[PDB]
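Data first, discussion second: the structure below is written as structure tokens.
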Amino acid sequence: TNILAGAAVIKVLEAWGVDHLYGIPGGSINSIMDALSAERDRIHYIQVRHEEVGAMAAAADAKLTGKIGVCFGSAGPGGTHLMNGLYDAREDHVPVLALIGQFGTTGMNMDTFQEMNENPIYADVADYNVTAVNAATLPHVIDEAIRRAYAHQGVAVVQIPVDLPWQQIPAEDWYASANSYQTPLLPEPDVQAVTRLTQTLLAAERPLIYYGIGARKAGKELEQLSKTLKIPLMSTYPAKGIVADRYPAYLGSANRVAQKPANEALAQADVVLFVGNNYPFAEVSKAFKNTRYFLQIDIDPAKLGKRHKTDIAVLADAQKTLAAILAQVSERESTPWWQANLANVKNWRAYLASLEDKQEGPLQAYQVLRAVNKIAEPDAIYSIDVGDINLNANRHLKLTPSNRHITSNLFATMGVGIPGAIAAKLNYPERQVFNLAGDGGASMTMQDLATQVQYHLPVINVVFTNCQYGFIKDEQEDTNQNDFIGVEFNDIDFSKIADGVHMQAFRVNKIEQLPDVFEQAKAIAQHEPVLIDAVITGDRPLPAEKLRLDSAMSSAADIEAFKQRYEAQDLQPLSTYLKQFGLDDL
Amino acid sequence: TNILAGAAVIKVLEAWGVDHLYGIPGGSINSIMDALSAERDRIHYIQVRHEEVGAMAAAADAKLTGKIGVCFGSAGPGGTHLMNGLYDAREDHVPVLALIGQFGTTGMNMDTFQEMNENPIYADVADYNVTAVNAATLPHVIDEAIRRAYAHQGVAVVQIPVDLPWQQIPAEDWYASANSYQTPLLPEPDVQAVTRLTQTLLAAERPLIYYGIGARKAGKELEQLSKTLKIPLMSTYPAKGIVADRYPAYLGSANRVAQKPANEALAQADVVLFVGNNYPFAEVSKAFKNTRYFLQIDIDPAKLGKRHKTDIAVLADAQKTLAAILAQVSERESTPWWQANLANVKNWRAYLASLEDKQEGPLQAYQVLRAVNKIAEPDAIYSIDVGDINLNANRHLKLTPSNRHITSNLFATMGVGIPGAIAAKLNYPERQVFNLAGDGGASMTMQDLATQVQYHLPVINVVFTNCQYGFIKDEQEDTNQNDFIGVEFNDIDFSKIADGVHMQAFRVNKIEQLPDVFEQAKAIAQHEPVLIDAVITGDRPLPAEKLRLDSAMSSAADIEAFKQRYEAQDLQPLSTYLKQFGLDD
Amino acid sequence: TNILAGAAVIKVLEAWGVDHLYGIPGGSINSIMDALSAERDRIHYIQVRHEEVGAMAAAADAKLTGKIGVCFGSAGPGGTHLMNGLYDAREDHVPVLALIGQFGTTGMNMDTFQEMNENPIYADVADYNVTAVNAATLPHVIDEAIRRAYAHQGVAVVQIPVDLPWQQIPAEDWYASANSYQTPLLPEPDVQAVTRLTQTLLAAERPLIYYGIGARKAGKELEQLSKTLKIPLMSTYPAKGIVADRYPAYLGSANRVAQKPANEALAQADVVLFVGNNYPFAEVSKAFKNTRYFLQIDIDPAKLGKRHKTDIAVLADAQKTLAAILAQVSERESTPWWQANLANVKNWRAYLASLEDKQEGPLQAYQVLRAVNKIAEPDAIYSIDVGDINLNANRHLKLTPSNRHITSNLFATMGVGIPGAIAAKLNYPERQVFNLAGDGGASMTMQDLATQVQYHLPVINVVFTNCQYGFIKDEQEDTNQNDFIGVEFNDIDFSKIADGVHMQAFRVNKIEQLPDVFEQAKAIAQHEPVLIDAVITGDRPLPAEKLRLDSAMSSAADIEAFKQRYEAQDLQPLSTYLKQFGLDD
Ligand SMILES: Cc1cc2nc3c(=O)[nH]c(=O)nc-3n(C[C@H](O)[C@H](O)[C@H](O)COP(=O)(O)OP(=O)(O)OC[C@H]3O[C@@H](n4cnc5c(N)ncnc54)[C@H](O)[C@@H]3O)c2cc1C
Ligand SMILES: Cc1cc2nc3c(=O)[nH]c(=O)nc-3n(C[C@H](O)[C@H](O)[C@H](O)COP(=O)(O)OP(=O)(O)OC[C@H]3O[C@@H](n4cnc5c(N)ncnc54)[C@H](O)[C@@H]3O)c2cc1C
Ligand SMILES: Cc1cc2nc3c(=O)[nH]c(=O)nc-3n(C[C@H](O)[C@H](O)[C@H](O)COP(=O)(O)OP(=O)(O)OC[C@H]3O[C@@H](n4cnc5c(N)ncnc54)[C@H](O)[C@@H]3O)c2cc1C
Ligand SMILES: Cc1ncc(C[n+]2csc(CCOP(=O)(O)OP(=O)(O)O)c2C)c(N)n1
Ligand SMILES: Cc1ncc(C[n+]2csc(CCOP(=O)(O)OP(=O)(O)O)c2C)c(N)n1
Ligand SMILES: Cc1ncc(C[n+]2csc(CCOP(=O)(O)OP(=O)(O)O)c2C)c(N)n1
Ligand SMILES: [Mg+2]
Ligand SMILES: [Mg+2]
Ligand SMILES: [Mg+2]
């Protein structure tokens, strides 16, 4: 007939199906720790080495499974360390609960040790942000935070004065509303609007279907629409793998973490079907500047007409809408536009294969990723950090609907590779998990390699050591007038870092070393984490947003220099293929 | 070809169908003003006398029509004056766009005159809160603000450096996304959840259906479910009028702005169907402590199981779900529970009528509200302020589906009567509009009586002058150890205030004066605003949350005292009627 | 032995010497109310009619006396209504304590009625901003709030869950730290910096001393430095009256709420001594573009070199430093610069007198202010609203060191006239108090005329009724392309508003009516408030920032037009006087 409030809080977490949660203890959160300790057989605390990793891992949990991620930080600095993961959750719109320690209510507002008003710290990041002041309502406040975080797809933060969880409350009054949870209703496509949309799409001279992760349930429909109608596909970077990369009319993504065929085609398209997509570069890059008709399908009214003016907007679930389109169309014959794009994709893929297929000499990112592909299981999960790896993984990983990949899509916090892989292995112990990270990003969260060791999480860590912030060096090349600054730095030997945390590891710097090292890693990771430190060149990846290949656009000198720098002697501009099939370049 | 960015902003407002907007000019917003000035045929600027009235009116526009309300304030104090209306919009979850003036970009962050970082001011109230820094993107920012305010049912705030609207931008780049706006088509209510909910409701001995304004489209279904199944109805106060008040099994609302039958029945119910309802008193009042099964229908996942542990919570539209229940049920004969509740309602209504039907003597709020009922058109709109008037209007107004009534439901800001009535008349110039306000709340926004005059808005204003913050006086009676403080104050003659703003007006203090003054006001308000200042007694209205009528519950002395104070000699407790029909309390 | 925590809170206020505090009660603050109710002999609660007036009055208390002002608001809308006064206190850097009601701790975070997280609301305005969560520490939190508000010269806000003040706490634990309060003893002004500053000032050909209210203790030194050295004086508008306006070398203020001689001389000066001054127009107006050497004296390191590149900036007290200058200088003979400025002032004052001295015809603001001067006591206090009244009062009031005047200096919130006058009369019941307000600003806070009546505060209210936001109309004339909008509106008869709150009042519209109405008002205000509603013309006051008088600068046609519009035929540009005394412009 009494229960400690902290025990009730843990029971609320259990009712909501939380399996694991992350943080670092402190006096200010030791009463939650005490309750966790008693519940260790039913809910699983993961002690991280820096609280940002806990927050990042919580966000990654939710990205992966759709289940609210849970993290905590002790008062003051524990909680402020969560921020990069909390902002990742906000911007990637995934549910996360963050608990923040606080001084007991008898010492709050006394200016005592590490005691401050913590509520304003979290006001900007959080959907729901409260300091608890009563023990008997604390289960409700946690319940409320969870329910809001789910409903609103974002972060709920509760600051908990440490006395409250040690107070007895009536056993029979508290409850969880987990039993009542439901996911949002999937609205239906208006029949006449879909018919009009379909007519406009079919009348297009140079159509494209351009989807994001809002279409993640619709890969079959996307590929069949493409095949039936002879309409190429392109996607946001995060939507890579929804349709298998091998599909010959998959163009890739646009902008910079991009593939050449997608940029080139988008510039020529007259009609775009923009589906489940909130591409953030739309306006700033003038992506749709010459698009004649723009057709949008999205579940969120806040998105309709956001990125360009729509000619037809459908507020509906992507898969229901795409299914409705598919059900009212029949097979169309080939067109010049279709064949031009198919030929362009083959040329591009041959380029990427030529980089991958080198067998000896100085190691580049491209062969490292080929070596990843060669040991990758069909349902592998990839946690990808932030930098050139997004660009290179987007081009080289061979994904299918069976895979998952995650990064910090929009906040783009470096350091997520390690935490996302921790989360992935916890959620999918029987699936192969990679952490693909640059040296700058791996550096930021390197201590939590120890967490993979501690919890025996068999992640395959691959660090891309260029001794640079390469992504930023290339930006300075593009914009800055004075010499590079802050973008070239000393080596860190991550094989030695791994040794220090008691993780098996390898360092390689030559292409010919890859096959055996990756086989060894593949086998180690049947039981324990492993790290490969790939010492790679400073070669810049081909900039798909700065092509110098079309005689009509670029000087001979510039073309020659581009081909030489990027080993791109066999790449053709899309206009070559347009011209073969009798179309103008526009 | 170029367009001024401010002109494009006004065209974005026009594209979204904004009819009218409110504010007070200042140097820091004079470039938006300049754009408005060229567009008087197409959008109608309402100059208020205090910016809070503009914000409150913008919220009221959206409460009434479902279409975004728009207001503005000049840099610094113009914008901070919006707050009570912006918080009203946030808490009543209605879409409002607020534009805030700011110093030009060349002087921002110089600590110049009335120049501050304005963004933090609005961070808490606003769903979307940005300072614009570019002219070419300004139309998009306004469009984005509107689209989010709608999507998220709340407040969007844009701080606009005054230079930007005077800059030329390319004419053919900007657009509005109003053309994309639509409402979702939903699947069928979840068949197997609704079927199991229905069985639990029908198996109950003492069922109630307890709805809020999320059931605003479901009045017909509510009443027919009630009649067919013999299940009494109760509502949130704001949900008054969704089912006509005359319906004999409408119990009213619970808690304090409440009616006796609803409080009494809720304490007895074994099963409650909670539909379209976010009653904020649920937990603090232990409203459902006795309830065996708690069933919910709501459109918002964030609400499912929120207010009480819920046995079945259906995520669906209220009307559609109630219609799907009604399609799977059929007539039940009258039950003792049904008859007891019917009898209890009849007794309560006789009490209220006895108060209304006095013909002479010192004026009370009760007769004033009878006089409003006797001049009210069937489709009248009521803008109601905050205080005893919520309590009294909830009991006495005779509403039907044809009426609307609005107040500040959850933020409960006083002063909302005047601005809500302004908004109602602007939206519905052919409908009768009342502002029902206590003296305290009318005082707070009294200067905007001049706005009704200036714009020839024929509101019937009724001020309830008790020379008190009566609602708070009664609270102090209940809780405070020491003498009343801050709750009794000196008279203001609102007939004289009205004369000062050039509005026709009357002051009355006797019951027998009401008929001819209200007839005159009804006639004046065919063409011009009017005010009636009703000088009322300090009598405390019956506290439905503090009943002393049941001799099983309360001492004879307490009952005697209650009956005396509240003129309640003929009220019977619900237990009398339960017993009459063979039920235990 | 125990004490209620609320009683201890009131004793903390008493320990700090708080005489009076303002607010409106509500359930969410009724436990503080209960404590106040037991302490009426020792602290005086002023029930206002809108919480913004309480916040504005609290700020005004501190502006006037230097002692913390105290206000409160009920949860949600009571507290948000404080904002315009709290931002006034922040921007005018005066100490204010604001108490905000909150739901009891047992219902916080339940989404109950008018319950929200209130802490983010006040985060931007407040130096200190906390929600109390314990009764035993509540006295300390209030003490801490006060001590910080003083130390940091700004606003401290405490949100108080209503249960805490009704809890018993140990009687002998709590304390106040008022007994520790004191002011610092400072070293000598830096000797070698002051000596080098002095040489630079004296070497100038066209020096000016330009002071703000940081020189409030230095009026004697300012005037004697000016007279001895033959250096004209100019000030910020708020610094009017530190040196008597009659002083022949007082030029006035610069920019718009300005006087012609100050703008003209500043543009010519080679050396400016900027003392106790944070003039917010410095950079945006390029005030010092022509100045060769810029010298500063200020008490705040944050100000040193802030407004212009500074040759010598002395961190010191203004009075002490000006006295140390005066002790190291001696008489200089009259210079051409001195004589030119003297002549320019004489010509300007003759212009203002010509406006004041009209005896009959349509009433203008100028004669109203003459009529105020002719009933004003030598130690009168003026609470001034925001608009043309700042401009006109700055030109026409004849102040001395014995007067005080206050407005919202930097936030510039309209509506401050009424509350500032309430605060002035509460602090100084034996001193004559005026509220000088435009119709727009008086409208915003008109209901609190009833507070003057209720508390028998004999303010002389003078409303300048032009049926415009005149200050903004003139801005639109200057900047806007399209027609005036939002700046001309329908009359309010403030004599009738006054009658409605039971205040004696007059309305005048002709110059010849002024003497007998102002005499009557002077006499009424020996015992009761009074209001004069002065119906004034729409004439634009001379724009000192837009002078068209110098034929080297302006066309003959522009000069002719300026002279006609502003009745300025006899004004001469400063260059005339510079030439007369042998100086180039
Ligand atoms: C270093 C770095 C660089 C990057 N640069 C690029 C780049 O050059 N190119 C690129 O493409 N990306 C890039 N990104 C990612 C980019 O920032 C955006 O996150 C991404 O383009 C947006 O993808 P999205 O629209 O699929 O996802 P989101 O932004 O999450 O949008 C999903 C959309 O789907 C809608 N939706 C959700 N569910 C449904 C449903 N059931 N039915 C219909 N609609 C639904 C949503 O409402 C929303 O509009 C980069 C990332 C990193 C880390
Ligand atoms: C001075 C004062 C005192 C008051 N005291 C009382 C009192 O004693 N008693 C009282 O009853 N009220 C009182 N109120 C009002 C009270 O604060 C709450 O605002 C009110 O009880 C909540 O009403 P609601 O649930 O209808 O509205 P809301 O709080 O707006 O909730 C609407 C609900 O409907 C759901 N919904 C919306 N659309 C749909 C749909 N299509 N289908 C299904 N669900 C939908 C929403 O998700 C939400 O849960 C008072 C007001 C004032 C001014
Ligand atoms: C509608 C309106 C229009 C206005 N327009 C004008 C205008 O055109 N012209 C104008 O002049 N004003 C105008 N003002 C006022 C203006 O906004 C500023 O408030 C004013 O110019 C600044 O005055 P200040 O420097 O005296 O005061 P503050 O800004 O308060 O600065 C006081 C300075 O003194 C220093 N200080 C304090 N104590 C001491 C000490 N003991 N010793 C030394 N230094 C000390 C401080 O550190 C600070 O730097 C207007 C006001 C309104 C309401
Ligand atoms: C925490 C953080 N700081 C800075 C950035 C900006 N940033 C984006 S990519 C990048 C460089 C990443 O370097 P590295 O991980 O070494 O990858 P590379 O591009 O060299 O492969 C930087 C600094 C960021 N996104 N996150
Ligand atoms: C702006 C604001 N301040 C304070 C309150 C608290 N409050 C709720 S009702 C009330 C009294 C209302 O008085 P009045 O308008 O005279 O109505 P009465 O109850 O006397 O009829 C007060 C002060 C509030 N809701 N809004
Ligand atoms: C609350 C508030 N809203 C807007 C402004 C902008 N403002 C500065 S002066 C002014 C006009 C004042 O009009 P009035 O009080 O009638 O004085 P007048 O200039 O007509 O004498 C306005 C609207 C402000 N300072 N405060
Ligand atoms: Mg690197
Ligand atoms: Mg009242
Ligand atoms: Mg005016």
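Convention: chains lettered A, B, ... in structure tokens order; per-chain residue numbering from 1; ligands numbered from 1 as shown.
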Give me the residues near residue 23 (chain A) as a PyMOL selection string, where near means some atom within 9 Å (using only C-alpha atoms) and where sequence neighbours in that chain fewer than 6 positions away do not count. chain A and resi 45-55+70-74+78
Within 7 Å of ligand 2 (counting only C-alpha atoms and all ligand atoms), which residues show up? I'd like them as a compact mmCIF listing (two decimals) with N, CA and C atoms, in the first residue's frame.
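After the write, part.txt holds the following:
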# COMPACT_ATOMS: atom_id res chain seq x y z
N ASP B 92 -6.01 27.89 -25.46
CA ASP B 92 -7.25 27.50 -26.17
C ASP B 92 -6.94 26.91 -27.53
N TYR B 211 -18.95 14.87 -22.47
CA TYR B 211 -18.30 15.38 -23.69
C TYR B 211 -17.77 16.77 -23.50
N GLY B 212 -16.75 17.10 -24.31
CA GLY B 212 -16.22 18.44 -24.44
C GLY B 212 -16.38 18.93 -25.87
N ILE B 213 -15.67 20.01 -26.16
CA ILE B 213 -15.84 20.68 -27.46
C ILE B 213 -15.22 19.86 -28.58
N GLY B 214 -14.47 18.82 -28.29
CA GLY B 214 -14.09 17.94 -29.37
C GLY B 214 -15.29 17.21 -29.99
N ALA B 215 -16.41 17.21 -29.30
CA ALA B 215 -17.65 16.67 -29.80
C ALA B 215 -18.53 17.75 -30.43
N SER B 235 -21.38 17.78 -19.72
CA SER B 235 -20.37 18.36 -20.60
C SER B 235 -19.38 19.18 -19.83
N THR B 236 -18.30 19.53 -20.50
CA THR B 236 -17.49 20.66 -20.06
C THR B 236 -18.30 21.92 -20.17
N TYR B 237 -17.94 22.95 -19.39
CA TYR B 237 -18.62 24.25 -19.54
C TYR B 237 -18.54 24.74 -20.98
N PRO B 238 -17.38 24.76 -21.63
CA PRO B 238 -17.33 25.27 -23.01
C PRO B 238 -18.22 24.53 -24.00
N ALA B 239 -18.53 23.28 -23.72
CA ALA B 239 -19.38 22.43 -24.52
C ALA B 239 -20.86 22.66 -24.26
N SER B 253 -22.46 20.95 -16.46
CA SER B 253 -21.04 20.76 -16.26
C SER B 253 -20.72 20.51 -14.77
N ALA B 254 -19.51 20.01 -14.54
CA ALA B 254 -19.02 19.66 -13.22
C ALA B 254 -18.02 20.68 -12.68
N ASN B 255 -17.75 20.54 -11.41
CA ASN B 255 -16.83 21.39 -10.61
C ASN B 255 -17.56 22.63 -10.13
N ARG B 256 -17.11 23.84 -10.48
CA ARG B 256 -17.60 25.08 -9.93
C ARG B 256 -18.41 25.87 -10.95
N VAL B 257 -17.86 26.00 -12.17
CA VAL B 257 -18.67 26.56 -13.25
C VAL B 257 -19.41 25.33 -13.80
N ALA B 258 -20.51 25.05 -13.06
CA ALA B 258 -21.10 23.74 -12.94
C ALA B 258 -22.55 23.88 -12.57
N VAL B 275 -15.62 11.93 -24.03
CA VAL B 275 -15.41 12.04 -25.49
C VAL B 275 -15.10 13.50 -25.81
N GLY B 276 -14.02 13.69 -26.56
CA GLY B 276 -13.65 15.02 -27.01
C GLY B 276 -13.48 16.01 -25.84
N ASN B 277 -12.80 15.50 -24.80
CA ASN B 277 -12.83 16.14 -23.49
C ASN B 277 -11.43 16.16 -22.87
N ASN B 278 -11.02 17.36 -22.43
CA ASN B 278 -9.76 17.50 -21.72
C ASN B 278 -9.95 18.27 -20.41
N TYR B 279 -11.08 17.99 -19.76
CA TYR B 279 -11.46 18.56 -18.46
C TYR B 279 -10.28 18.68 -17.52
N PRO B 280 -9.89 19.93 -17.15
CA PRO B 280 -8.64 20.11 -16.42
C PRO B 280 -8.73 19.85 -14.94
N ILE B 297 -13.00 8.62 -26.22
CA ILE B 297 -12.87 8.84 -27.66
C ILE B 297 -12.18 10.20 -27.82
N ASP B 298 -11.04 10.25 -28.51
CA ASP B 298 -10.35 11.52 -28.74
C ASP B 298 -9.55 11.38 -30.02
N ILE B 299 -9.40 12.54 -30.66
CA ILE B 299 -8.65 12.64 -31.91
C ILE B 299 -7.15 12.80 -31.76
N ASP B 300 -6.67 13.02 -30.54
CA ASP B 300 -5.28 13.39 -30.28
C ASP B 300 -4.58 12.30 -29.44
N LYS B 303 -3.76 12.77 -25.75
CA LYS B 303 -4.84 12.81 -24.76
C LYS B 303 -5.22 11.41 -24.28
N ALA B 316 -10.02 8.45 -32.66
CA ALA B 316 -10.97 8.64 -33.73
C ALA B 316 -11.65 9.97 -33.55
N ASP B 317 -12.34 10.39 -34.61
CA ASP B 317 -13.22 11.53 -34.57
C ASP B 317 -14.47 11.27 -33.74
N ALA B 318 -14.87 12.24 -32.95
CA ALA B 318 -15.99 12.09 -32.06
C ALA B 318 -17.30 11.82 -32.80
N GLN B 319 -17.65 12.66 -33.77
CA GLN B 319 -18.92 12.47 -34.48
C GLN B 319 -18.92 11.10 -35.12
N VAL B 386 -14.55 36.70 -17.61
CA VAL B 386 -14.06 35.71 -16.66
C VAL B 386 -14.46 36.13 -15.24
N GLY B 387 -15.11 35.24 -14.53
CA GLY B 387 -15.55 35.46 -13.16
C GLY B 387 -16.86 34.82 -12.89
N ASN B 390 -19.07 33.46 -15.78
CA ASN B 390 -19.02 32.12 -16.37
C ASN B 390 -20.01 31.20 -15.68
N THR B 407 -15.23 32.16 -24.32
CA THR B 407 -14.51 32.82 -23.26
C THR B 407 -13.05 32.40 -23.38
N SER B 408 -12.24 32.83 -22.42
CA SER B 408 -10.86 32.38 -22.30
C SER B 408 -10.92 31.09 -21.48
N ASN B 409 -11.02 29.93 -22.15
CA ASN B 409 -11.42 28.71 -21.45
C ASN B 409 -10.44 28.26 -20.38
N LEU B 410 -9.13 28.35 -20.66
CA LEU B 410 -8.13 27.68 -19.83
C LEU B 410 -7.12 28.65 -19.26
N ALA B 412 -7.94 31.68 -18.98
CA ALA B 412 -8.92 32.43 -18.19
C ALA B 412 -8.48 33.87 -17.96
N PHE C 113 -6.49 23.76 -14.18
CA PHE C 113 -7.02 25.05 -14.56
C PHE C 113 -5.98 26.17 -14.26
Ligand 6: which residues are within 6 Å, counting only C-alpha atoms and all ligand atoms, as an NGL selection string? (:B and (25-26 or 74 or 77-78)) or (:C and (386-389 or 412-414 or 438-441 or 466 or 468-472))
Would you mind exporting N, CA, C and O atoms of the selected residues as a tab-separated table (two decimals), in the first residue's frame?
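After the write, again_38.tsv holds the following:
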chain	number	residue	atom	x	y	z
B	25	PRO	N	-0.32	51.29	-34.60
B	25	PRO	CA	0.90	51.55	-35.35
B	25	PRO	C	2.00	52.12	-34.45
B	25	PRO	O	1.76	52.60	-33.35
B	26	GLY	N	3.22	52.09	-34.97
B	26	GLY	CA	4.38	52.70	-34.38
B	26	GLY	C	5.44	52.80	-35.43
B	26	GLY	O	5.37	52.13	-36.46
B	74	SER	N	3.73	47.06	-31.99
B	74	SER	CA	4.97	47.78	-32.23
B	74	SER	C	6.06	47.23	-31.31
B	74	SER	O	5.81	46.55	-30.31
B	77	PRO	N	6.91	47.64	-26.12
B	77	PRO	CA	5.65	47.61	-25.41
B	77	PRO	C	4.41	47.31	-26.22
B	77	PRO	O	3.41	46.87	-25.65
B	78	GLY	N	4.41	47.57	-27.54
B	78	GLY	CA	3.26	47.14	-28.32
B	78	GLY	C	3.11	45.65	-28.32
B	78	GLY	O	2.04	45.10	-28.04
C	386	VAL	N	3.72	58.77	-22.91
C	386	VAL	CA	4.62	58.57	-24.04
C	386	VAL	C	3.94	59.08	-25.31
C	386	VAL	O	2.82	58.63	-25.64
C	387	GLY	N	4.60	59.95	-26.03
C	387	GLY	CA	4.12	60.53	-27.27
C	387	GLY	C	4.52	61.94	-27.42
C	387	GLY	O	5.56	62.37	-26.91
C	388	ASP	N	3.73	62.74	-28.13
C	388	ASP	CA	4.04	64.17	-28.25
C	388	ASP	C	4.22	64.82	-26.89
C	388	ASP	O	4.95	65.83	-26.82
C	389	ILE	N	3.57	64.33	-25.85
C	389	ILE	CA	3.74	64.95	-24.56
C	389	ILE	C	5.21	64.94	-24.10
C	389	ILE	O	5.63	65.91	-23.44
C	412	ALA	N	9.75	52.91	-23.24
C	412	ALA	CA	8.76	53.85	-23.77
C	412	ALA	C	7.38	53.23	-23.87
C	412	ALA	O	6.67	53.42	-24.85
C	413	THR	N	6.92	52.57	-22.80
C	413	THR	CA	5.56	52.08	-22.80
C	413	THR	C	4.58	53.20	-22.56
C	413	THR	O	4.60	53.90	-21.54
C	414	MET	N	3.64	53.35	-23.49
C	414	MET	CA	2.48	54.15	-23.23
C	414	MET	C	1.71	53.62	-22.01
C	414	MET	O	1.78	52.43	-21.70
C	438	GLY	N	-1.06	61.94	-23.33
C	438	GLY	CA	-1.89	61.99	-24.54
C	438	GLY	C	-3.10	61.10	-24.38
C	438	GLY	O	-3.21	60.26	-23.51
C	439	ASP	N	-4.07	61.33	-25.28
C	439	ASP	CA	-5.29	60.55	-25.28
C	439	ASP	C	-5.05	59.07	-25.54
C	439	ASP	O	-5.74	58.21	-24.93
C	440	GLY	N	-4.14	58.73	-26.41
C	440	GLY	CA	-3.83	57.34	-26.66
C	440	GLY	C	-3.29	56.62	-25.43
C	440	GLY	O	-3.73	55.51	-25.10
C	441	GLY	N	-2.35	57.24	-24.76
C	441	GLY	CA	-1.73	56.62	-23.57
C	441	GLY	C	-2.65	56.64	-22.38
C	441	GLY	O	-2.75	55.63	-21.67
C	466	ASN	N	-6.03	64.99	-28.98
C	466	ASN	CA	-5.95	65.34	-30.36
C	466	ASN	C	-6.65	64.36	-31.28
C	466	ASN	O	-6.67	64.54	-32.50
C	468	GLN	N	-5.65	61.54	-32.06
C	468	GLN	CA	-4.61	60.95	-32.84
C	468	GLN	C	-3.59	60.24	-31.98
C	468	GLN	O	-3.43	60.58	-30.81
C	469	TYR	N	-2.85	59.33	-32.61
C	469	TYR	CA	-1.50	58.97	-32.14
C	469	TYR	C	-0.56	59.96	-32.85
C	469	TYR	O	0.04	59.63	-33.88
C	470	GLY	N	-0.49	61.18	-32.33
C	470	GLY	CA	0.16	62.25	-33.05
C	470	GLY	C	1.62	61.99	-33.34
C	470	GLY	O	2.12	62.21	-34.45
C	471	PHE	N	2.34	61.46	-32.32
C	471	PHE	CA	3.76	61.18	-32.50
C	471	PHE	C	3.97	60.25	-33.70
C	471	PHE	O	4.94	60.38	-34.44
C	472	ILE	N	3.07	59.26	-33.86
C	472	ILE	CA	3.17	58.28	-34.95
C	472	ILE	C	2.66	58.84	-36.25
C	472	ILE	O	3.21	58.51	-37.31
Could the residues of chain B within 6 Å of chain A, counting only C-alpha atoms, be given as a list in words, please?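 The selection requested is residues 147, 148, 151, 177, 180, 184, 185, 186, 301, 302, 304, 305 and 313 of chain B.
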Nearby polymer residues, ligand 7, at most 7 Å, only C-alpha atoms and all ligand atoms, as a ChimeraX atom specification: /A:438-440,464-470
Show which residues sit within 10 Å of residue 536 (chain A), as a ChimeraX atom specification. Count only C-alpha atoms, and ignore same-chain residues fewer than 5 positions away. /A:362-368,463-467,508-511
Using only C-alpha atoms, which protein or nucleic acid residues come within 7 Å of region 527-536 of chain B? Drop anything in the same chain fewer than 4 positions from it, and give the result as a PyMOL selection string. chain B and resi 363-365+452-453+456-466+494-495+498+503-509+521
Chain C contacts on chain B, only C-alpha atoms, 7 Å, as a ChimeraX atom specification: /B:24-27,30,33-34,37-38,47,49-50,76-77,80-81,83-84,107,111-114,120-121,124,280-281,284,410-413,443-444,447,454,472,475-476,480-483,485-486,490-494,496-497,499-501
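Shortest atom-to-atom contact with ligand 4 among A:191, A:203, A:462, A:561: A:462, counting only C-alpha atoms and all ligand atoms.
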